[PDB]
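As structure tokens, the structure follows; a few thoughts come after it.
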Amino acid sequence: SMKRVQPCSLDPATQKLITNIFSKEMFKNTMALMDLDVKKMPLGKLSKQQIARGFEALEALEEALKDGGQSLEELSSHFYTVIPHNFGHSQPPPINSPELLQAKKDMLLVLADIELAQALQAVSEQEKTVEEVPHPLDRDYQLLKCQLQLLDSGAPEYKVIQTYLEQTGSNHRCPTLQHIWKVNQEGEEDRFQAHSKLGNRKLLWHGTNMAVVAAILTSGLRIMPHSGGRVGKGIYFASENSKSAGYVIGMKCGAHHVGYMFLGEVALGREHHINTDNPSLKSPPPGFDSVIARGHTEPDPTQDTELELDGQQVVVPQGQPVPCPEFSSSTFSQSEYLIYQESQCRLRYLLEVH
Ligand SMILES: C[C@H](NC(=O)CCc1nc2ccccc2c(=O)[nH]1)c1ccccn1
Numbered sequence: 176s177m178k179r180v181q182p183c184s185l186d187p188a189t190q191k192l193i194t195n196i197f198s199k200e201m202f203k204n205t206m207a208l209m210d211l212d213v214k215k216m217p218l219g220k221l222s223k224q225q226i227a228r229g230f231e232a233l234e235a236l237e238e239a240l241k245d246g247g248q249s250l251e252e253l254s255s256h257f258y259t260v261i262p263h264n265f266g267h268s269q270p271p272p273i274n275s276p277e278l279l280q281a282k283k284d285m286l287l288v289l290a291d292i293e294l295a296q297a298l299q300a301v302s303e304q305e306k307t308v309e310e311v312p313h314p315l316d317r318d319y320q321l322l323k324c325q326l327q328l329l330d331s332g333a334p335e336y337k338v339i340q341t342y343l344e345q346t347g348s349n350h351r352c353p354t355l356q357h358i359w360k361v362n363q364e365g366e367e368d369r370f371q372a373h374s375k376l377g378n379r380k381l382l383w384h385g386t387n388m389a390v391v392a393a394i395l396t397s398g399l400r401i402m403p404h405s406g407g408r409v410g411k412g413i414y415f416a417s418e419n420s421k422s423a424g425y426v427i428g429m430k431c432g433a434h435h436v437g438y439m440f441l442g443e444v445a446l447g448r449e450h451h452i453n454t455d456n457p458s459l460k461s462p463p464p465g466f467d468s469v470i471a472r473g474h475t476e477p478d479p480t481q482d483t484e485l486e487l488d489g490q491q492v493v494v495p496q497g498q499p500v501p502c503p504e505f506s507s508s509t510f511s512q513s514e515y516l517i518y519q520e521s522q523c524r525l526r527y528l529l530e531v532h
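Take the sequence shown: its letters are residues 176 to 241, 245 to 532, numbered as in the deposited numbering.
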């Protein structure tokens, strides 16, 4: 007996979002862009065990890169058996530098979130027994356990967000704003309230691959054991959209290019400012609640405004980037804002940009 498929409750923009972030073609494209062999690693075959084994292989490479152990070649080969790569059916190359090691760790962190999205979609037994099912897009939305509310252009914060995007995005080829959703992942509310005493809150950009958007909506921005970069093992944000936009892996759809970007509220508290890379950081120095790798520029602070989110003032930059003489010799062209506790960020908005 045929189950009834109930009509979709979602508006068109939301249906498109949900289609995009769970799209098998998107996920496979992402795996291709990371040099993975999708024929040998289909989406349905991806497992938590394999990803675990991949990290163990990288852990061994990291120890060798830092005594008669296996060579980097041998240790690479193991990694490529565990995580099949496609390089024109030539031999994949050896992971013999800290840069390439972090690149592979980052690839696996993406792949882990792809596997999360597949595991999220497994059909439950409650679903097999009920006689009516939600529309596939309603089902996928409900799986996120995340409220998304589409904003119209007269919403109080809409202009402020658009101005942030426009003023701090690329000057020549700015991303074009298509939609904004307010994001309310509950489960986030309470840990974030923990930092209510922490003044210095700012709304900051976080760009990602489209393949990790579902994972973020389900679980927030995360720090994992192999997370890394120029400012160590934290969650990275930018005050300049153009900086975060560099991490947006968009996807060709029709004649346009679709990308998604988050705005998070970050409780920065007492800021420690640095002007040189430190990939070894795992927390701010004692007494500090965040690390800001200060750029040569910063959105002009005289133009900052504020939005009231859950009764707290949150700074939102509105200015074009201006030079900061004190940091003119920084190793950072643009600032990177780091937190080292997941609880210091609350997702607030999701933007679709073309
Ligand atoms: C490795 C990848 N990281 C990201 O997607 C964050 C990308 C990012 N990096 C930044 C660095 C400096 C300033 C801004 C950004 C940013 O907006 N996104 C990831 C994916 C899935 C789980 C954990 N990490």
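Backbone N, C-alpha and C fix where the C-beta goes; we use that ideal spot for every residue, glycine too.
Simplified DSSP assignment, three categories, for residue i
i    : result
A297 : helix
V494 : strand
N387 : strand
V213 : coil
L287 : helix
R351 : coil
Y425 : coil
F265 : coil
Sheet register partners of residue i (DSSP bridge)
i    : result
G442 : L382 and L525
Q325 : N362
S468 : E449
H434 : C431
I273 : Paired residue(s): none; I273 is not in a bridge.
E530 : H357 and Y438
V180 : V311
Segment limits, beta strand (DSSP E) that includes residue i
i    : result
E514 : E514 to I517
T483 : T483 to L487
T475 : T475 to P477
Residue span of the alpha helix (DSSP H) that contains residue i, given as start and end
i    : result
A232 : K223 to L240
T346 : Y336 to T346
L208 : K199 to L208
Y258 : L250 to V260
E504 : Neither: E504 is in no alpha helix (DSSP H) and is coded neither H nor E.
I413 : Taken as a continuous stretch (DSSP letters only), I413 belongs to no alpha helix (DSSP H), being part of the beta strand (DSSP E) at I413 to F415.
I196 : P187 to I196
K306 : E303 to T307
Cβ distance (whole Å) where residue i is taken to contact residue j below 8 Å
i    : j    : result
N456 : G407 : Not quite, the Cβ-Cβ distance comes to about 10 Å (not below 8 Å), so this is no contact.
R369 : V492 : Their Cβ separation, rounded to whole angstroms, is 17 Å, which puts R369 and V492 out of contact at 8 Å.
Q356 : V531 : 6 Å
Exercise. Counting Cβ pairs, one atom from each stretch, are 3 or more of them under 8 Å apart for the stretch 425-435 and the stretch 332-343?
Worked result: Flag = no, the stretch 425-435 and the stretch 332-343 do not touch.
Exercise. Three or more beta-carbon pairs under 8 Å between the stretch 401-414 and the stretch 370-381, yes or no?
Worked result: Pairwise C-beta distances place the stretch 401-414 out of contact with the stretch 370-381, as fewer than three of them are shorter than 8 Å.
Problem set entry | Any 3 or more C-beta pairs closer than 8 Å across the stretch 461-476 and the stretch 489-503 | Here the stretch 461-476 makes contact with the stretch 489-503; the two share three or more CB pairs at distances below 8 Å.
Exercise. At a cut of 8 Å, does the stretch 286-304 reach the stretch 222-229 through at least three beta carbon pairs?
Worked result: Verdict: yes, contact present.
Exercise. Hey, is the stretch 189-199 in contact with the stretch 307-320, meaning 3+ C-beta pairs nearer than 8 Å?
Worked result: With the cut-off at 8 Å, the stretch 189-199 and the stretch 307-320 touch.
Exercise. Are the stretch 511-524 and the stretch 459-469 touching by the rule of at least three beta carbon pairs closer than 8 Å?
Worked result: Contact between the stretch 511-524 and the stretch 459-469 is present: three or more C-beta pairs spanning the two stretches fall below 8 Å.
Exercise. So does the stretch 421-431 actually touch the stretch 383-390, counting three or more Cβ pairs closer than 8 Å?
Worked result: Enough Cβ pairs lie closer than 8 Å, so yes.
Exercise. Per the contact definition of three or more C-beta pairs closer than 8 Å, is the stretch 357-366 in contact with the stretch 386-400?
Worked result: Yes, the stretch 386-400 touches the stretch 357-366.
Exercise. Are the stretch 227-240 and the stretch 180-189 touching by the rule of at least three beta carbon pairs closer than 8 Å?
Worked result: Inter-segment contact for the stretch 227-240 and the stretch 180-189 is absent: fewer than three beta-carbon pairs are separated by less than 8 Å.
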